[PDB]
Number of protein chains: 2
Amino acid sequence: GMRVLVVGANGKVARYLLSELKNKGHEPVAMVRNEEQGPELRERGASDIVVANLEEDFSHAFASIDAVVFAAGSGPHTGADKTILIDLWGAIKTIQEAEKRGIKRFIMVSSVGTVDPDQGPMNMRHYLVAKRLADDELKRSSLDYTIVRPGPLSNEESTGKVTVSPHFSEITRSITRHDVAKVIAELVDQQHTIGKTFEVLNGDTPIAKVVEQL
Amino acid sequence: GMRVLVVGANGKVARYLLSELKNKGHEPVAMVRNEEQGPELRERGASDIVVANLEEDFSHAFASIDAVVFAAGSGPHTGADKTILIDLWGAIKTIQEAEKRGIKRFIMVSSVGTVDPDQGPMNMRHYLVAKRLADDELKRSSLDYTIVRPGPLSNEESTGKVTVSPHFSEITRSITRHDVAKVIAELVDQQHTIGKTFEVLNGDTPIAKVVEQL
Ligand SMILES: NC(=O)c1ccc[n+]([C@@H]2O[C@H](COP(=O)([O-])OP(=O)(O)OC[C@H]3O[C@@H](n4cnc5c(N)ncnc54)[C@H](OP(=O)(O)O)[C@@H]3O)[C@@H](O)[C@H]2O)c1
Ligand SMILES: NC(=O)c1ccc[n+]([C@@H]2O[C@H](COP(=O)([O-])OP(=O)(O)OC[C@H]3O[C@@H](n4cnc5c(N)ncnc54)[C@H](OP(=O)(O)O)[C@@H]3O)[C@@H](O)[C@H]2O)c1
Ligand SMILES: [Cl-]
Ligand SMILES: [Cl-]
């Protein structure tokens, strides 16, 4: 059972992820910007709460941690300034802090669209570049990484069933946030998933079996 | 005499740079987004004009080129989306295109503030990260690079006199855009400046002598 720091722990995927990690026998440590978000994240599955901000010194957050999941993001309501500062620069600093501390296991929540950002919708291209460049920083690191690139996210209830590819030639489906969380929790302690980058949609294959074959 | 592609050739520094390169015996090739900008850049010193856009396929621009100067930028009037897409992603693609083609000589026009972007003014921090990460991409490349980090830019007339440092412990001065252009033109064909990153302010030392000692 790993102590897993969830960076971005108040987000929609992350919230589900706290519960998925708990029920896999892990100890989810939720990182939050303000202390008042903590009580409900404990109800959702967090073992511990750490109050830290990616824009400030957040090194204290990484104390006694076995694995990091980067699930943070600025979102569609803050500017492209925050896409740079959170999704890209924040991720880069989380990676450096994990190396510094010797935390080997790192799961990146990325996105489809990142293999070829210049072919993505112009209105999204800045986001896709930010995600891509963060992925590349992880790929250049010494960490035991896995990069999960979900398709378009939905808020439907979990199906428990997905499809994966190193890279789909087209994206014609969505994935529920519940199911992304399930995928991450399934692979956090799977050594055979180290060094893997994959895209994930809802589909027909049970999540446990998909992860077995990654 | 080198054929020097000036990326961002319609900008304020770049415009002066066309003339500085010409009068050093180089052939400045101005890259512009639209053809109508070309006639005046020829008057300012350009030997040739190439019409290309960093957001589209611009590989044709790099034909018959000996050196690249990246002097492009989104500016304070477009969004942080364009800081990502031009200053960072555009630079990254220019670097890749230079490697692809075997163009060895690359001069980056960067900025002070990049050694420690989190200590810079919050309103500028996204820009400083973009510049920093572009600099790091160049530093990881196989190119014969020089990175010039000017201080705050001014539109005063050239003094011809500067101060340099690997990194100033404080910035209490500006530098004219004329003088930045002079610095770049001075070092483009100087082999001893390869692998050098430095900050540059106006000061007391003639530009030729500063470059001799880099
Ligand atoms: N939308 C899509 O269709 C789509 C597609 C592919 C990939 N994705 C990616 O999937 C990820 C997870 O999705 P999601 O729906 O869970 O996103 P979300 O609900 O926006 O989660 C983002 C979290 O990041 C946190 N955060 C923001 N700034 C922070 C900072 N400075 N320090 C620490 N935390 C900070 C937020 O905190 P607060 O609670 O304080 O706001 C929020 O809880 C996204 O981040 C996105 O990049 C999305
Ligand atoms: N302001 C400061 O105090 C300061 C301090 C330190 C460093 N700097 C850096 O110094 C650099 C040079 O300064 P400057 O004053 O010459 O800037 P500038 O006048 O804004 O020059 C930027 C140029 O980039 C071009 N450009 C924009 N998008 C492009 C694209 N997609 N493809 C090709 N070209 C594109 C613009 O073209 P158009 O002519 O079509 O607009 C413009 O000519 C800046 O880029 C900045 O990063 C500035
Ligand atoms: Cl793609
Ligand atoms: Cl600095």
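Keep in mind that the numbers below use all heavy atoms, side chains included, and drop hydrogens, waters and symmetry copies. Throughout, a chain's letter reflects where its sequence line sits, starting with A, and its residues are numbered from 1.
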*Are B:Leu85 and A:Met122 close enough, and set up right, to give a side chain to side chain contact (heavy atoms under 4.5 Å, CB included), and what steps lead you there?*
CA-CA 10 Å; B:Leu85 292 179; A:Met122 176 60 99; 4.1 Å; yes
More than 12 heavy atoms of other groups within 6.0 Å of [X] [atom1]:
{"X": "A:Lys104", "atom1": "NZ", "value": "yes"}
{"X": "A:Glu40", "atom1": "CD", "value": "no"}
{"X": "B:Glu99", "atom1": "CD", "value": "yes"}
{"X": "A:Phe106", "atom1": "CZ", "value": "yes"}
{"X": "A:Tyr16", "atom1": "OH", "value": "no"}

*Please round to the nearest 0.5 Å and tell me the distance separating atom CZ of B:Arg132 and atom CD1 of A:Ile92.*
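Those atoms lie 9.0 Å apart.
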_Heavy-atom side-chain proximity of A:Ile84 to B:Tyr127 below 4.5 angstrom_ = no
*asked:* At under 4.5 Å between heavy atoms, what parts of residues 168-200 of chain A are in contact with chain B? List them by residue number.
replied: none
*Under 4.5 Å, heavy atom to heavy atom, which residues of residues 133-146 of chain A contact chain B?*
A:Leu133, A:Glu137, A:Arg140
*Does a side-chain N-to-carboxylate-O contact under 4.0 Å join A:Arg125 and B:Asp81?*
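Salt bridge absent between A:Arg125 and B:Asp81.
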*Mind running side chain to side chain contact (heavy atoms under 4.5 Å, CB included) on A:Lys93 and B:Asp118 for me, showing each step along the way?*
CA-CA 11 Å; A:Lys93 298 185 288 181; B:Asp118 295 320; 3.3 Å; yes
